[PDB]
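> need the 3D shape of this:
(chains A and B)
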2 protein chains.
Amino acid sequence: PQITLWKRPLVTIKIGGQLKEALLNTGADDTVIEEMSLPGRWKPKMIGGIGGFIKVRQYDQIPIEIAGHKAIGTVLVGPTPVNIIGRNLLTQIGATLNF
Amino acid sequence: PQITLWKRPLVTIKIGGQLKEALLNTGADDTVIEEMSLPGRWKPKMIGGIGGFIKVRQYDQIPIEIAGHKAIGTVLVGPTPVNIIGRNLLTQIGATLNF
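Numbering: from 1, shown residues only, chains lettered A, B, ... in the order given. You can find the structure just below:
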């Protein structure tokens, strides 16, 4: 699709068989999701936002569907204000910015 | 142009007679620029994201050039870690997400 930006670019994602809403975010290096249960081991990660830095749990190689498109990659879990799909997965679904 | 998302989508902007580098940010409602002087009235605002909130000055009807494209809109000024072009000005240059 072609998504204009008059509204927030929110899409439905699927992770661990559950549907969630998430924001397609070209300003984010990484993908960050609200607290949830994911399989496997996690590693520590610090990420920085507009208000400062927070600690999150890094899970690698997680299957996730984004607006119907399949991806498998790193998902960070932590106290984010909104679920965010960052460039690590935007590249997997072939997303570009155009003007 | 078509901008891939392998790296941060940085572009050159001109604002208040100054050249700056800024991030094209579809996950941002607003445009936020590091400390600088702008003409006209302003009012205070709190904006939030990962890590909490910062206080910024809101300037309305500010002319800007973004990667060669002219627009006008609200610009927030304050202690942001990176200059951000948000959706309020991304729309004006006709930027879309495509996949």
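
> who's in contact with residue A:1?
A:67, B:98, B:99 (CB atoms under 8 Å, 6 or more residues apart in numbering or on different chains). Every residue, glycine included, has its C-beta placed from N, CA and C.

> what's the burial count for the nearest residue to residue A:53 once chain neighbours are set aside?
Closest residue in space to residue A:53, ignoring its immediate chain neighbours: residue A:46 at 5.3 Å, by CB to CB, 6 or more residues apart in numbering or on different chains. Per other CB atoms under 10 Å in any protein chain shown, the neighbour tally for residue A:46 reads 8.

> so residue A:46, which of the three states?
Secondary structure state of residue A:46, per DSSP: H, G, I helix; E, B strand; the rest coil, is strand.

> isn't it right up against residue A:54?
Yes. Taking CB atoms under 8 Å as the definition, residue A:46 is a contact partner of residue A:54 at 7.3 Å.

> quick one: residue A:63 and residue A:69 touch, right?
No. Here residue A:63 lies out of contact with residue A:69, judged by CB under 8 Å, at a distance of 11.8 Å.

> more neighbours, the two?
Legend: neighbour count by other CB under 10 Å for residue A:63 and residue A:69, higher for residue A:69 (16 against 13).

> any idea how far residue A:15 is from the more buried one?
Going from residue A:69 to residue A:15 by CB to CB, to the nearest Å gives 13 Å.

> find residues that contact each of these two.
Common neighbours of residue A:69 and residue A:15 (CB under 8 Å, 6+ apart) do not exist.

> residue A:20 is in what secondary structure piece?
strand A:18-24 (DSSP states H and E).
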